[PDB]
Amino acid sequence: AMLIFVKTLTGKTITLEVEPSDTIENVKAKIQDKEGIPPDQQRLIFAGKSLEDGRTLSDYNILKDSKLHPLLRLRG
């Protein structure tokens, strides 16, 4: 269980408990569970890298050790 931050378009920065093998769909679903945002109205990025459906967090080398907590962002 690794903690990530997700910055919504409202300025609000929320948190999420993810697995490194969690698909981007899973993360978007969690975001839907915490903010009521429909997954199809979600565009995730990390450090300018688009996070696309059909892939996983490990695919993007986002997560590292437990000390670091990546800030994900929802685009427009």
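One rule holds for the numbers: they count along the sequence shown, beginning at 1.
The question of which stretch, 31-39 or 45-53, has the higher mean Cα B factor is settled in favour of 31-39. Among the modelled residues of the chain, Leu16 sits in the middle third by CA temperature factor in this PDB entry.
When the CA B factors of the chain's modelled residues are split into thirds, the value for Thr23 lands in the middle one.
Per the PDB record, residue ranking by Cα B-factor puts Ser66 in the lowest third of the chain.
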